[PDB]
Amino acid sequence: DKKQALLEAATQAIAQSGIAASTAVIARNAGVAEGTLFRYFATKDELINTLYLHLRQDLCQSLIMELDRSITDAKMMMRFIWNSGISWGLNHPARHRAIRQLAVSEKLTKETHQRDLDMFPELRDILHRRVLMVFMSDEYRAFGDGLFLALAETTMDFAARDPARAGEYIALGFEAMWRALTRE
């Protein structure tokens, strides 16, 4: 599948180099001509948006399959989601870094954000109820995502380096993020 090879190649290149990764380099590492990349993605912006949703879907498969939903308290559910996302990101550091590079890019469309939210309805509902309004807004969502992902990456880095304390770092990082980004 040329498209799957392109998505994997875009993941690695955008993780490494951000959205400034050129469509010509992505094509080469996928083993195809650049016109072939545009054969599957009309523009680079479409590739950015398609890749983002592809990576979010991969993450969400882990978040949802793992979700202990004997849980109805929102913060408890979010802690579980956080823990699962930490595990996913440590297992897939390039996929996680690509999500972060794409999320802070301001290239993601309204349709992409809507589909992203709707892929995981329980998470969506909690974010709309609890995240500070400015960080769900079109104007500042990318900044809210940037702050969230900065705290997530720091938590992952410390957990990876000091596994004896990993559970404590993950808990403290979740709690700091929760205070920073949510309101009662």
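Numbering starts at 1 and follows the sequence shown.
- When 109-117 is weighed against 74-82, 109-117 comes out higher, by mean CA B-factor as recorded in the entry.
- For the segment pair 41-49 and 138-146, the entry gives 41-49 the higher mean B-factor, averaged over Cα atoms.
- Looking at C60, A33, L123, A159, the one whose CA carries the top B-factor in the deposited record is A33.
- Per the deposited record, the Cα B-factor of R69 falls in the highest third when ranked against the other modelled residues of its chain.
- In the deposited entry, the Cα temperature factor of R179 places it in the lowest third of its chain's modelled residues.
- In the PDB entry, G18 places in the highest third of its chain by CA B-factor.
- In the PDB entry, a CA B factor belonging to the middle third of its chain's modelled residues is recorded for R129.
- Annotation for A24: CA B-factor lies in the highest third of the chain's modelled residues.
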